[PDB]
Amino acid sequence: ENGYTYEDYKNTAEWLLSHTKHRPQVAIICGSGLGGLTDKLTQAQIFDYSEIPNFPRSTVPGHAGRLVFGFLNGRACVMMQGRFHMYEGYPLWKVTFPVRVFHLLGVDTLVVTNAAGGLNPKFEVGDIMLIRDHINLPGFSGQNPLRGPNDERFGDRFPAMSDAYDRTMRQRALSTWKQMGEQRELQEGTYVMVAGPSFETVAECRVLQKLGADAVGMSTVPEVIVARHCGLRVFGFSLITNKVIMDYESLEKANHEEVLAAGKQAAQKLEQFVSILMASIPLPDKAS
């Protein structure tokens, strides 16, 4: 909540609207390595976070920290290239700030992507996990983008999250993967947000396994929470860039340079998939 106020989201929404011919319907937050999706846009208009009025600017990236509009598979999009994370210092009400403006920009659906670790044994690095649920660890402790006075203008005080990932789109997703007649079926599991920038220890990965998590990451959850709070259809995927959970001879135990999950390769796939998916996102035209 804090730091920003409604006119803050209202001045930014307007600044963008009055600076772009585009009026986005779908907002797409690309995860690490998935920024490529921006290339798929047409009639694109690239704004620098830096440029936009109250938009948090990047801590290091910047370049791989831009907001591009345009179109994807027949949907007026707006892809945030280079999402913000709590571990960069951004308070969660800066992390999720974009989502609040996308809503005022008219966005009604938010597709978020990310790069997690593979907790579930069945996963194979490279797999794309459809997020069916999430475990908001920072939220349990207090780190929830909604903390602070509730702005009924955006939504409720106690919004529910048991319905976060829109059954419909998840269906249309599982179907679509099948339409394409793909190899490894679109995975589906719970994503566990873990704040910290360092990577989990074996002992930690195991508690994440026990907790129910399928993939671990340091983002998404914040954007999903406030998006839902605004009443935004939300669905997303998680590129499984690696995996671990074994003391009994770590062997590899990751590093990060390991995270790439056949970089170009898989990143390209999750991207095309999301793009194909634009056609399964209800058009504000009601369609009938």
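Heads up: residue numbers just count along the shown sequence, starting at 1. Whichever C-alpha set is largest while still superposing within 1.5 Å between the two forms counts as the rigid core.
- Of 38 to 46 and 54 to 62, the stretch whose C-alpha atoms sit farther from the shown form in 4 other deposited structures of this protein, after fitting on the rigid core, is 54 to 62.
- Taking 268 to 276 and 8 to 16 in turn, the stretch whose Cα atoms are more displaced from the shown form in 4 other deposited structures of this protein following rigid core superposition is 268 to 276.
- Relative to its counterpart among 216 to 224 and 252 to 260, 252 to 260 has the higher mean temperature factor, C-alpha atoms as listed in the PDB entry.
- Higher mean CA temperature factor, per the PDB entry, when comparing 65 to 73 with 227 to 235: 65 to 73.
- Of the candidates 38, 241, 43, 50, the PDB record gives 50 the highest C-alpha temperature factor.
- Of the candidates 166, 127, 88, 156, the deposited coordinates give 166 the top C-alpha B factor.
- When the modelled residues of the chain are ordered by C-alpha B-factor, residue 200 sits in the middle third.
- Ranked against the other modelled residues of its chain, the C-alpha B-factor of residue 32 as given in the entry falls in the middle third.
- Per the PDB record, residue ranking by Cα B-factor puts residue 131 in the middle third of the chain.
- For residue 59, the recorded CA B-factor ranks within the highest third of the chain. Only modelled residues enter the ranking.
- Per-chain ranking of the deposited C-alpha B factor places residue 109 in the middle third.
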